[PDB]
Amino acid sequence: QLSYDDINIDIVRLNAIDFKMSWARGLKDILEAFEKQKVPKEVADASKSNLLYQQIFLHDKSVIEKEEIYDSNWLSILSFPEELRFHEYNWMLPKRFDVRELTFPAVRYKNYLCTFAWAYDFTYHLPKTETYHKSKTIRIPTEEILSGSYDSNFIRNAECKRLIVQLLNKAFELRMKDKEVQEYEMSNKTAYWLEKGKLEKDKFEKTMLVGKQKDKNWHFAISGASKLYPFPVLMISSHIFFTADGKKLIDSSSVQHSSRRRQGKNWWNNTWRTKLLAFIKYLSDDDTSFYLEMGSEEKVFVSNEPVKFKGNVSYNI
Amino acid sequence: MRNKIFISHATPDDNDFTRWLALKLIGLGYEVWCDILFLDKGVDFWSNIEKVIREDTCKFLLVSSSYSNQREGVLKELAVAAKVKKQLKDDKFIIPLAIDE
Amino acid sequence: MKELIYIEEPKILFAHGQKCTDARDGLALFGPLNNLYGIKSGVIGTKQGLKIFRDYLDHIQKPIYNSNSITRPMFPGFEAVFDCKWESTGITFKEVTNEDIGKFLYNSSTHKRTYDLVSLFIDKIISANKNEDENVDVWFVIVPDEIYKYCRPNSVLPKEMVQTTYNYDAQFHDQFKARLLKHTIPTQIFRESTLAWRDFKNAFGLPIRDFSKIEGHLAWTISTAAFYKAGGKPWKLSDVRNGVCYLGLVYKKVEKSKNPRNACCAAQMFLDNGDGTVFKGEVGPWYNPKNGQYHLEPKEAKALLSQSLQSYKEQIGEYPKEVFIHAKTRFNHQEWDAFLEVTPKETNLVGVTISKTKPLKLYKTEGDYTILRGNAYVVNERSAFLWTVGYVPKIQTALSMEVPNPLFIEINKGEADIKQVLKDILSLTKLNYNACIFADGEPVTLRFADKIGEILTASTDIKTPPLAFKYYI
Amino acid sequence: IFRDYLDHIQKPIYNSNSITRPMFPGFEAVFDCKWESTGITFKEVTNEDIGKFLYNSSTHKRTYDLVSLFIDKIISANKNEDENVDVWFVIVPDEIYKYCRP
Amino acid sequence: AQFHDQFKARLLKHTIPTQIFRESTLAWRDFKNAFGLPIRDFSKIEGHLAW
DNA sequence: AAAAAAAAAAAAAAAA
RNA sequence: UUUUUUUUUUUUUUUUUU
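Per the deposition metadata, cryo-EM was the technique used to determine this entry, at a resolution of 3.97 Å.

What follows concerns a nonpolar patch on the surface. Residues and elements named next belong to chain A. Where nonpolar side chains cluster on the molecular surface, the patch consists of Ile 17, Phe 19, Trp 23 and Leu 27 and spans about 350 Å² of accessible area. Turning to its location among the elements, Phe 19 is positioned in the loop between α1 (9-13) and α2 (23-36). Using a relative accessible area of 31% as the deciding quantity, one classes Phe 19 as partly exposed.

In this section: the UniProt feature "binding site: Mg(2+) 2" (unreviewed entry) in chain C. Residues and elements named next belong to chain C. Per the UniProt entry, the sites bearing "binding site: Mg(2+) 2" (unreviewed entry) are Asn 434 and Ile 473 in this numbering. Spanning 40 residues, the named residues nonetheless gather at one spot, since no C-alpha pair among them exceeds 5.9 Å. Mapped onto the secondary structure, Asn 434 falls in the loop between α11 (418-428) and α12 (444-456). Excluding its chain neighbours within four sequence positions, the residues that come into contact with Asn 434 are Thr 221, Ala 225, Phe 448, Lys 451 and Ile 473. Relative to the helices and strands, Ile 473 is located in the segment after α12. Discounting chain neighbours no more than four positions away, the residues touching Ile 473 are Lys 177, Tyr 228, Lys 229, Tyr 433, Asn 434, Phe 448 and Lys 451.

Residues in close proximity to RNA strand G total 39 residues, the closest being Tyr 184 of chain A together with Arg 191, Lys 356, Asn 434 and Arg 447 of chain C. Here RNA strand G approaches the protein such that, of its atoms within 4 Å, sugar and phosphate make up 78%. In the model, a sugar or linking oxygen of RNA strand G is placed 3.1 Å from a nitrogen or oxygen of the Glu 159 of chain A side chain. In this structure, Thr 194 of chain C approaches RNA strand G through a side-chain N or O atom, which is 3.1 Å from a phosphate oxygen. Taken together, the elements giving at least two residues each to the surface near RNA strand G come down to α6 (253-265) of chain A together with α7 (172-179), β7 (187-191) and α8 (215-230) of chain C. Counting residues per element, the surface near RNA strand G draws most heavily on β7 of chain C, which supplies 4 residues. Residue classes in the surface near RNA strand G are distributed as 10 nonpolar, 17 polar and 12 charged.

Once that is clear, we can look at the arrangement of the chains. Where 5 pairs of chains are in contact, the pair with the most contacts is made of chains A and C. Across the gap from chain A to chain E, with no contact made, the nearest C-alpha atoms are 38 Å apart.

With that out of the way, let us pick up the pairing of strand β13 (residues 299-314) of chain A. Two faces, one strand: in a regular strand the side chains alternate between the faces of the sheet. Residue and element names in this part refer to chain A. As judged from the 8 bridges shared by strand β1 (residues 64-77) and β13, these two strands associate in the antiparallel manner. Pairing of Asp 71 across the sheet is with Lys 308, part of β13. Note that strand β12 (residues 289-293) and β13 share 5 bridges and pair antiparallel. Bridge assignment links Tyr 291 to a residue of β13, and that residue is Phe 301.

Further remarks concern the protein's contact with DNA strand F. Close to DNA strand F lie 27 residues; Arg 100 and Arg 261 of chain A together with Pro 153, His 217 and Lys 252 of chain C are nearest. Near the protein, within 4 Å, the atoms of DNA strand F are sugar or phosphate in 70% of cases. Between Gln 166 of chain A and DNA strand F, the recorded distance is 2.8 Å, taken from a side-chain N or O atom to a sugar or linking oxygen. Measuring from a phosphate oxygen of DNA strand F, one finds a side-chain N or O atom of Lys 252 of chain C at 2.3 Å. Those elements that provide at least two residues to the surface near DNA strand F are α5 (157-178) and α6 of chain A together with β9 (248-252) of chain C. Ranked by the residues each element gives to the surface near DNA strand F, the list is headed by α6 of chain A, at 5 residues.

Okay, the interface of chain A and chain C next. Across the contact, 46 residues belong to chain A and 45 residues belong to chain C. Of the roughly 4,500 Å² buried at the junction of chain A and chain C (both faces included), carbon and sulfur atoms supply 63%. Considering only the surface of chain A that becomes buried against chain C, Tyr 70, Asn 269 and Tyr 315 of chain A emerge as the three largest contributors, covering 16% of it. Across the chain A-chain C interface, the total number found is 0 salt bridges. At the surface where chain A touches chain C, the tally comes to 16 residue pairs in polar contact. Looking at the side of chain A that touches chain C, the elements that each hand over two or more residues are α2, α3 (48-56), β1, β11 (233-243), α6, α7 (269-283) and β13 of chain A. Each residue belonging to the side of chain A that touches chain C can be placed in one class, and the counts come to 21 nonpolar, 15 polar and 10 charged. Pairing analysis gives 2 bridges linking β1 of chain A to strand β14 (residues 363-364) of chain C, with the strands arranged antiparallel. From the neighbouring strand, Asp 71 of chain A faces β14 of chain C, where its bridge partner is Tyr 363 of chain C.

What follows concerns helix α1 (residues 15-27) of chain B. All names here are of chain B. Relative to the 18 Å expected for 13 residues at 1.5 Å per residue, α1 spans 18 Å between its end C-alpha atoms, a close match to the ideal helical length. Among all positions of α1, only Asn 15, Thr 18, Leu 21 and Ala 22 are buried. One face of α1 carries all of its buried residues, which in axial projection span an arc of 135°. Every exposed residue of α1 that faces more than 90 degrees away from the buried side is listed here: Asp 16, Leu 23 and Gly 27. Residues of α1 that are buried sit in contact with β1 (4-8), β2 (32-33) and β3 (57-64). The positive-phi residue at the C-terminal boundary of α1 is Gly 29, with phi of around 80°.

Next up on the list: the UniProt feature "binding site: Mg(2+) 3" (unreviewed entry) in chain C. Residue and element names in this part refer to chain C. As recorded in UniProt, the sites labelled "binding site: Mg(2+) 3" (unreviewed entry) are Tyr 472 and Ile 473. With respect to the element layout, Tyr 472 can be found in the segment after α12. Residue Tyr 472 is classed as buried on the basis of its relative accessible area of 3%. Filtering out sequence-adjacent residues up to four positions away, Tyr 472 remains in contact with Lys 177, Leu 181, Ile 452, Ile 455, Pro 465 and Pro 466.

Turning next to unusual backbone geometry. The phi angle at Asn 90 of chain A is positive, at roughly 50°, despite the residue not being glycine. Looking at the element boundaries, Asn 90 of chain A is found in the loop between β2 (85-87) and β3 (107-109). In this model, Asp 32 of chain D sits at a positive phi of 55°, which is unusual for a non-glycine residue. Taking relative accessible area as the criterion, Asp 32 of chain D reaches 74% and is therefore assigned exposed.

Moving on, we come to a positive patch on the surface. Residue and element names in this part refer to chain A. A cluster of basic residues, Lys 214, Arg 261, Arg 262 and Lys 265, forms a positive patch on the protein surface. With respect to the helices and strands, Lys 214 occurs in the loop between β9 (210-213) and β10 (216-227). By relative accessible area, which is 77% here, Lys 214 ends up exposed.

The next point concerns the packing of helix α9 (residues 298-313) of chain C against helix α10 (residues 333-342) of chain C. Residue and element names in this part refer to chain C. It is at 8 Å that the axes of α9 and α10 come closest, and there the two elements cross at 40°. Classed by the angle they form, the pair α9 and α10 counts as oblique. In the crossing of α9 with α10, the sense of the turn from one axis to the other is right-handed. Here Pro 298, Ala 301, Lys 302, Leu 305, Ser 306 and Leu 309 of α9 come into contact with α10, specifically with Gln 334, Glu 335, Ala 338, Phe 339, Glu 341 and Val 342. Its residues assigned to classes, the contact of α9 with α10 shows 7 nonpolar, 2 polar and 3 charged.

We now examine the sheet that holds β7 of chain C. Residues and elements named next belong to chain C. Spatial ordering of the open sheet is given by β5-β4-β6-β7, a layout of 4 strands whose pairing is parallel. Of all the strands in the sheet, just β5 (92-95) and β7 have a single pairing partner and so form its edges. Within the sheet, the average angular offset between the axes of one strand and its neighbour, ignoring direction, is 20°. Where strand β4 (residues 41-45) lies against strand β6 (residues 138-143), 4 bridges are found, and the strand directions are parallel. Note that in β6 the partner of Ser 41 across the bridge is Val 138. Against the sheet, helix α5 (residues 110-131) engages β4, β5 and β6, with an angle of about 150° to β6.

Turning to the interface of chain C and chain D, a few remarks are in order. Counting residues at the interface gives 21 residues for chain C, matched by 12 residues for chain D. Taking both sides of the interface into account, the surface hidden between chain C and chain D amounts to around 1,300 Å²; carbon and sulfur atoms contribute 40%. Counting every contact that joins chain C to chain D gives 1 salt bridge. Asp 82 of chain D is paired through a salt bridge with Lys 470 of chain C; the nearest N and O atoms lie 2.4 Å apart. Between chain C and chain D we count 8 residue pairs in polar contact in total. Taken together, the elements giving at least two residues each to the side of chain C that touches chain D come down to α8 and β11 (277-282) of chain C. In terms of residue count, β11 of chain C provides more of the side of chain C that touches chain D than any other element does, 3 residues in total. Across the side of chain C that touches chain D, the residue classes tally to 9 nonpolar, 7 polar and 5 charged.

Each value, and the rule that gives it
- Residues numbered from 1 in each chain as written, not as in the entry; some residues may be left out.
- Chains lettered and ligands numbered in written order.
- Part of a larger assembly, values for the part shown.
- Heavy atoms only, no water.
- Patch = residues over 30% accessible without salt bridge, like charges linked within 9 Å, V, L, I, M, F, W, Y side chains within 5 Å.
- Areas by Shrake-Rupley, 256 points an atom, 1.4 Å probe, with all protein chains shown as cover.
- Salt bridge = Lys/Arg side-chain N within 4 Å of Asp/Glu carboxyl O.
- Helix = DSSP H or I, 4+ residues; strand = E, 2+ residues; numbered from the N terminus.
- Buried < 20%, exposed > 50% of the residue type's maximum accessible area, 1.4 Å probe, protein only.
- UniProt positions renumbered as here; feature names shortened; annotations may be inferred.
- Contact = heavy atoms within 4.5 Å.
- Near = heavy atom within 4 Å.
- Polar contact = N/O pair within 3.5 Å; in protein donor to acceptor, adjacent residues only side chain to side chain.
- Nonpolar A, V, L, I, M, F, W, Y, C, P; charged D, E, K, R; others polar.
- Pairing = 2+ DSSP bridges.
- Buried area = accessible area lost by both parts, 1.4 Å probe.
- Expected span 1.5 Å × (residues − 1).
- Arc of directions from axis to C-beta.
- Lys, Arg positive; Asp, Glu negative; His and termini not counted.
- Charge placed at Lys NZ, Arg CZ, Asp CG, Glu CD.
- Axes fitted to C-alpha atoms, helices over the stretch in contact; angles between N-to-C directions.
- Parallel < 35°, antiparallel > 145°, perpendicular 65-115°, else oblique.
- Left-handed = near helix turned anticlockwise from the far one by under 90°.

Right, here's the structure in full:
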């Protein structure tokens, strides 16, 4: 309620330290003037007083505006197939057969085999399919599926995009198998770690991926996950698993969990990001992207560089 | 209502000119306040000046001189005049007077 | 490169109308909102457990130093920060003989042992409440360390010490705080290790619970908890707009009855006539059959919303203008239809879904440092990702330890301004009264509701439960 | 009226004959206790609320209604409010005292 | 049919200390009779009331 | 009897 | 349970297919 207009004359001359909105910034200005004007100060306790002086400036650490680029764990997908093919194998495909053992990913929907591959890629596993007719294909322009335009009685947008993350997930699994790594089965997911000696000195690029800690050998591991809701991307999550002799994983849950706690205690952002990107660069097929094997001629190019973001705020140590 | 014309000046030296101008203006019926003439004794002089400037001073007259440039009193009364100028929204509130060649 | 914008820090109110971002520093200098003249404390436990309590209280009466004061400011004294007295004199103490605590503990059945240990405490506390003249604001019960070893679910008592109810869960804490609801007795649980750790030592010679450096933080988190249980307001929100109640639903299982039955609970937060922010739970637990439904039936949903809205008219008078319902699980249309019918015409209902499951982890280009807290990548008008946990330079480190996992915000139902929602969840992370920390990883509605749900799922005989957080945290 | 009386008894009060009955030297001085009018738990009871139940023919049910109308509020304040009450000072009107007794 | 006994009888399961105050026992100065004097006048007795 | 994408509950260790 | 956080065991449902 006190505007500067109605101040007293002798005080009108004097510059005033403002307390109106904040009572802390005013005391900040008072102390700033006090060391500026060299006001005598008995140091006294020298500990509580120092704590209060530090506390008042909470102010040493504030929002500062500088652009800061960020790296995510999302692998951008660069390309997709032309068509979503539903081949009518029907009796050519035996009912009591597993779709998981097929060379390329393939999910069975009704009487249609759903895959991104063409008709006769699968002769070796299914010899009965040599007499198939390509006019039975229910190929769909996948880009329309990503847009969401295509909806019909044959398949729904929710049920036509849920089959793309499944098939792409088995594509990642088969690709990671092609890289010849051992696996640590999870309760729900699957994560893949690289052997001891498979890499030169167990270190790719400039970053070690397998190292020693006492008698417990830790292995950096990742998992794959494709989801197409915001963007077409491949979610990758870092993981740490252990082996007693470098190859045989420890079956004890508590021991492994405690060990991961021990290493993660001292593994910061530049210790996780660099290892993750180095392992991804190992998984790369070229300098910019990698492909997953889902058919003889069709391939999905997933970029090896994680999706970058941009933030308007940064900080310093 | 504001119907007073305060005269800012240095009271020891510029008193002659201030008194003369005040007497001339009161001869013209313009109400004039001067610390040499219209200031009351035994009162808070700074507060009285503050009330006169904020409430009753219609116009502010500054006698600018080689002394009136750098004295604290003329500076404070000038600053309060500037505040009243801002509040009244009158761009011609302060009319300085230059007397020293 | 995808743009991400940063919500301004949720910034909390203090005494005299003074405002400070940090809660610990705000209490350390400006004090609490309201005046508690003095705290009447009652102690139930053994004599050896009373000495450690008195010593720890004497310790926390004086200022206590933290190793790194910049990371965590020290505790300058309870009488200085809460301008209230809480000393060791005037405490109503209750004896618990070692023979009694050993006779019951060494039992073959965990359910019987936990029920009997809970009874041995609650019965004597009830007798003190009903039979004695002395008034106790908050009751501090001391429990030994062997109980934590052998009074919890899946804890097997060693054969060598086996010397010698099933409708209740095997946890001591939930049973203890649930069976005391009918008598409105606020009680806080202390471990004798949570007390002066220095006595208990491991084989190496260093004590297992190393609290030497971070004693100040424990002092802060016990002092604020005691003040909250004493009847005071530590800090309040100032960015909350009027006419908006929030409510938080978390689904907990129930094992006493066949099928989990999915007890449902809510916590209310909104603005009251004036400026005071009223944060109370909404506990009318609505049991939800089926093993894995996690969706309210229309009748229970309508009831929950009816007592939620009546809780606002009863002390403000008019209907809320825009409700923002938060939850850990997505809403199906059936409960939304139940909601809309009860919801009046002016009230705008919003359902917001929050999840920790989504594996998004932003990695900074160079350096041993992570993302800030408050950064938000927005996907669209309906979905976004906000890092409620992360670096705030005031704490100079993270509230998490690894790279934090941001919350997945999705407006399942209603329209809502997405940025308006993201300016409130970060705010909802500040009102953690059970712990004196900068903020919590997830909104306090879904945390206090989670706690009250984990407590109301322990006792069979709860009827008309109490809706205050004093009896739960 | 309660606030006025609390302020009054905060200050010391004098009786007519100090020999017959001594003065009260103030609550804070007598009991070494702080008890001010600031920070008092208040739960309002509407005059319409105490009028609806009061104007009843039978004393039993009207008394039950008046008793419930206060006990429910007290228990709700105990069970659902952050603020703590050492004592609950229940002010009652005089018309109730006239017409809510046997 | 009395407020006092029932009131502190039903609050027993909650163990809440209470004090029943009549508006007359409080600042009676408002409460007046036809003759104009307070019916319950404790002008000389107010010290005992405080005690 | 799977699938993936979503759920909670409890256990163990180390920090704040 | 003074807290908090990250994990690993399990476990379960829903929508669909034969």
